[PDB]
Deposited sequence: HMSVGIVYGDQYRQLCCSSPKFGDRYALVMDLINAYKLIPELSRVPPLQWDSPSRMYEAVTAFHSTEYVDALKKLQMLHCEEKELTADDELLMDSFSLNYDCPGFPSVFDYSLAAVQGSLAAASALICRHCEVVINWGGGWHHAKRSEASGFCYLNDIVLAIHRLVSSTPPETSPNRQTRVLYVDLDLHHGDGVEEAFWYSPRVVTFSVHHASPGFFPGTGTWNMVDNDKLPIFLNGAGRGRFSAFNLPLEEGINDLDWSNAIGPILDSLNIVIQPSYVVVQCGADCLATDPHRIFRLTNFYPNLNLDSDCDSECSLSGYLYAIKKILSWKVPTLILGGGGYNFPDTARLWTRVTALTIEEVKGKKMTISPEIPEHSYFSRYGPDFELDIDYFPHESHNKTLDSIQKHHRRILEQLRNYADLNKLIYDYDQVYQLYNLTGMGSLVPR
């Protein structure tokens, strides 16, 4: 079956942040306006027996003094008085500032995504679901002791740690506009979790990693060759993108033969995202996102689908709805008919002025990247004594 994470307390908490506003509500309601929920299995957010239990789960990756800091920051914003100079210092050393500011529910908000992506992992492991979806999750920039890119808690890292600890190999696929640095960094020294991010990279653009470095870093220790990256120039469209990641996705599958696939499905590659970097759409005659998702799903490997970036909320909703519906069809087999027009629901007016499901947009370096990545794959396989037909993989290009 196919699972979605949601719940009343959960929705309220994914909607209390100053930067993502009510995106989670727009998304889950568009999913629900399209009569998609009955076809889906509700996966509830995980809860803990006690504070100590919550704490041990989060510090499987995040440092204790960082969890302390984030929780002190929520308390401080639930008070009216401002932060002491000493408290400012504490928060800065955890980068709890700038694009990672505090707000009254910041710890509860960060914890929720962890709660959802942990329940999603658990529903895959006990084989209740073949695929689970969590649009509240996907915060791939959070580091052990540092907030970054409005990510305070790395739900992905933790959902992944739970999968490998259930030989178990996980493929992480990161379709966001930004390089999934945190997730990549977390499994830098591990071969059982292969990471692969495709993204924009250019000077001064966040975060800075996922590209040629002062050549190409790709993992250390036994983790060597296990972190993959494809940085693209700006302006790329659906088909060029599709052709850029397609062979890489197929080859990672054949070579690695993953026990689980975790997909950060960040929506900021859309043409209508305020970033205006990539020209990806949500069209389904073809959307680069849909191509990739449907490819990943044809593999029949249990799969986690996560959110991430996306700062045009109605258009992120337009994509993630299509992804949801696609997943339902490629897993259960039954056809999903989606009206081209946005159905009436409480957020309908946000989708104006034309109320269409399609977003409103009109549509060499890569081969030197394909060749470099094929070599890296071969080195990965050789290091990890994996059997595979070199030619069969080579043909995919």
- Take the full deposited sequence, match it to the modelled residues, and report the stretches without C-alphas. 1 to 2, 169 to 177, 226 to 232, 304 to 316, 395 to 402, 437 to 447
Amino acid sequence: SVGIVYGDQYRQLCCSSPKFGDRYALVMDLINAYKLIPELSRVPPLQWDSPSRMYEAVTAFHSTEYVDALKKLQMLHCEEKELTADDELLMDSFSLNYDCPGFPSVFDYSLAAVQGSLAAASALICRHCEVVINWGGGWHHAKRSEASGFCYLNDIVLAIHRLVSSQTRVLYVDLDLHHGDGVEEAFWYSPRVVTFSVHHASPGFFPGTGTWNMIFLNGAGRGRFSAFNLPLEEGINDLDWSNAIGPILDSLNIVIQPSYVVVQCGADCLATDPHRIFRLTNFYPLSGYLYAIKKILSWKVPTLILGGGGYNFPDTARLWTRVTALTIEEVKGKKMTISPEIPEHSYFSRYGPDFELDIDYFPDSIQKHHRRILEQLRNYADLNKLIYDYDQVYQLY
From here on, numbers count along this sequence of modelled residues.
- Message: Test of understanding: from the entry's C-alpha B-factors, which stretch has the higher mean, 216 to 224 or 77 to 85?
- Response: 77 to 85
- Task: For the higher mean C-alpha B factor in the entry, choose 17 to 25 or 381 to 389.
- Result: 381 to 389
- Using the temperature factors in the entry, find which of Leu118, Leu239, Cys100, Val132 has the highest value at its Cα atom. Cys100
- Item | CA B-factor ranking of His370, expressed as a third of its chain | highest
- On the chain's distribution of Cα B-factors, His345 falls within the third called middle
- Message: Ranking the modelled residues of this chain by C-alpha B-factor as given in the entry, is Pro45 in the lowest, middle or highest third?
- Response: middle
- Task: Sorting the chain's modelled residues by C-alpha B-factor, tell me whether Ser105 ends up in the lowest, middle or highest third.
- Result: middle
- Chain thirds by Cα B factor, record data; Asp358 belongs to the middle
